[PDB]
There are 2 protein chains.
Amino acid sequence: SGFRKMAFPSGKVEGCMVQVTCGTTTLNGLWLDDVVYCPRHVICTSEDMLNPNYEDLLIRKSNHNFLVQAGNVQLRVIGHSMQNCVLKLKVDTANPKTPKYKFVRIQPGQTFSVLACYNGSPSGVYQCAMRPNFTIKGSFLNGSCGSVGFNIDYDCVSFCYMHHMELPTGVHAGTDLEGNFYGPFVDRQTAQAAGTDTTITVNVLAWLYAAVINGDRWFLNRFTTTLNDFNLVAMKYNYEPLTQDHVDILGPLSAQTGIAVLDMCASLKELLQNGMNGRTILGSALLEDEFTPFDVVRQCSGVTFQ
Amino acid sequence: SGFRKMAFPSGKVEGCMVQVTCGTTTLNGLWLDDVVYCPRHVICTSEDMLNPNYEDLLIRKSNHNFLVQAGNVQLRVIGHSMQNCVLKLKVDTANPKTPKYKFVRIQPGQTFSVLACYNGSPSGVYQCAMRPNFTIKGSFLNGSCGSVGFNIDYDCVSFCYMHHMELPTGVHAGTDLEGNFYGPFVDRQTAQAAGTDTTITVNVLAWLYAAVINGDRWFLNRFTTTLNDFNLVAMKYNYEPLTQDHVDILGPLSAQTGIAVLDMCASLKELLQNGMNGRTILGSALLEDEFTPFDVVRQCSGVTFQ
Ligand SMILES: *CC(=O)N1N=C(c2ccccc2)C[C@H]1c1ccc(OC)c(OC)c1
Ligand SMILES: *CC(=O)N1N=C(c2ccccc2)C[C@H]1c1ccc(OC)c(OC)c1
């Protein structure tokens, strides 16, 4: 028993992190097969970040201007190209520690583990959710760009995030591994607004099911509700509306606990209107939305990986 | 910026986890050099767990009764012994992935990362604190025994915890790597009481300093207090008393933020008596005590490892 915000084991990703230097800036890169992936703003000076013309800046660079280092081993760049907002550096050596992997573009509300790195070396690992407004609330300092987010399925590492920037509001933005930003952001040092952030309702419900599984049941009430009635209350409190796909995904948790999805919504509705009254759920005084239904099943069933 | 409950990268530990079978029970083991470490109750049946005579049970076992497996590689046990509550299995092969390591017995209030494992395979990693009553509030299912807790310093893995049991209250107990339990517990399936759990005050203060560093300043007040005056309030709310050693440890955080330790205590005193009034600190509606002063410095300065 117990419930924790646990990350994936990071071993398979630690072997893929390298340091990338171009001119004076040094960032992290991801080394898979004989290609290194890194944010394209590694080719910028501090002055270029206000209004960078990436095509014109990349022209002035040659293969021997990039220094890629894996610990003490040095890689030789034999070809470079720009794909959207990432740089792809072809190197002469294929990474012997390359795991089974794929590139995935996740949806808002999905969760992943971030391996925070500095100078190509791992600092720590934590779990987080892609917000509905396509930001993440991470923990990143100067030099962490190029750190990656990932999931593990079976023996396969699915890379889904590369860190590119901190917004003036202190939240974080980045791209998939094909270099397409999540959200309406651009890799430029300019004030950029993120939209309204909402709470991920299907995740909150998954967490209430986790709480029931672990013995927190005080919030279960006698009422029930309808989907339309619940969504009316949810939108007043800036919660994402629940759809039928969300009800389908919660099916297994409903089966295991014997609590129908709509009955759980009625409990949540009462928590939204009445608060928690100084009580806690799974050791928290706020409603938690960084666990997907799959995260709950995985943690409460003991799923392992390669 | 940002602040997260981040764990250490687990790669160096993933390469040390093995599966240990003796009779019908299968647990996790830790393979360093040519020795495997695992909980001694691997030699018990379900009936033996009520009142096990470990010496008499270990007599009936021979080297060829232990099956140790590292993925698909099979280790041959050539010698076994019992050190307190752990079994030490000598094997014919030395682990080629053995990192620089040491065994450490931590103190209550210190934090570490747990690599939760099942059948010798990693499931996830999370950070937690040793409670003042020598339990941990982890996330463990049947079969997780033998999972280890660890810290990383420089290039050295310090192992400090091996998981042995879940108490009837749903909290967890275990040993150091020499097999001495933390706390007054015994490896027997009997009702065992843990003492009163208190809040780790020096950790709460470290977290308030983290909050100031990241922009949460609303809780700073005009008052100050004395050490004796604060400890009187703290003990009424089941907080550990603050000593001079704790003030010394918080020194660097005081220097960085310009807020004296005693001034921060006065802010905390007001939070204890008046609550938080529906406000949050670093995204939490409760006072958090699972970050040590060192954890804050490490996260807010970007410390990396091998
Ligand atoms: C994340 C990261 O390392 N960096 N992000 C940068 C950026 C700035 C504005 C807009 C988009 C992206 C630049 C880069 C960076 C690296 C290192 C330092 O200090 C050593 C930086 O200081 C601000 C920035
Ligand atoms: C942690 C763990 O795996 N186990 N802890 C056990 C224990 C029980 C009572 C007192 C102290 C320690 C036994 C062991 C265990 C392994 C596997 C299963 O199911 C497959 C168990 O089921 C209860 C227990």
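Indices start at 1 and increase along the chain as displayed.
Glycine is treated like the rest: Cβ placed from N, Cα and C.
The feature active site, for 3CL-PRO activity is assigned by Swiss-Prot to A:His41. According to its DSSP assignment, A:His41 (active site, for 3CL-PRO activity) is helical.
Here the Cβ of A:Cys145 (active site, nucleophile) has 26 other Cβ atoms within 10 Å, regardless of which shown protein chain they belong to. Residues annotated as active site, nucleophile in Swiss-Prot: A:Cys145.
Taken from Swiss-Prot, the feature ubiquitin cross-link covers A:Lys5 (among others), and the record attributes it to experimental evidence. Residue density at A:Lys5 (ubiquitin cross-link): 20 other Cβ atoms are found within 10 A of its Cβ, drawing on all protein chains shown. In this structure, A:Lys5 (ubiquitin cross-link) belongs to neither helix nor strand by DSSP; it is coil.
Taking Cβ-Cβ distances under 8 Å and a sequence gap of 6 or more within the same chain, the neighbours of A:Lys90 (ubiquitin cross-link) are A:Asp34, A:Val35, A:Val77, A:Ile78, A:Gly79, A:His80, A:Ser81. Among the features that Swiss-Prot reports, ubiquitin cross-link is placed at A:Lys90 (among others).
The domain 'Peptidase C30' annotation in Swiss-Prot covers A:1-306 and is backed by sequence analysis.
A 10 Å cutoff on Cβ-Cβ distances gives A:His41 (active site, for 3CL-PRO activity) a total of 22 other Cβ atoms nearby, all chains included.
Checking the recorded positions A:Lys5, A:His41, A:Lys90 against ligand 1 with a 6 Å cutoff on the Cβ atom leaves A:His41, in sequence order. Checking the recorded positions A:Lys5, A:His41, A:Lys90, A:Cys145 against chain B with a Cβ-Cβ cut-off under 8 Å leaves A:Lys5. The two recorded residues, A:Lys5 (ubiquitin cross-link) and A:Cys145 (active site, nucleophile), have Cα atoms 24 Å apart.
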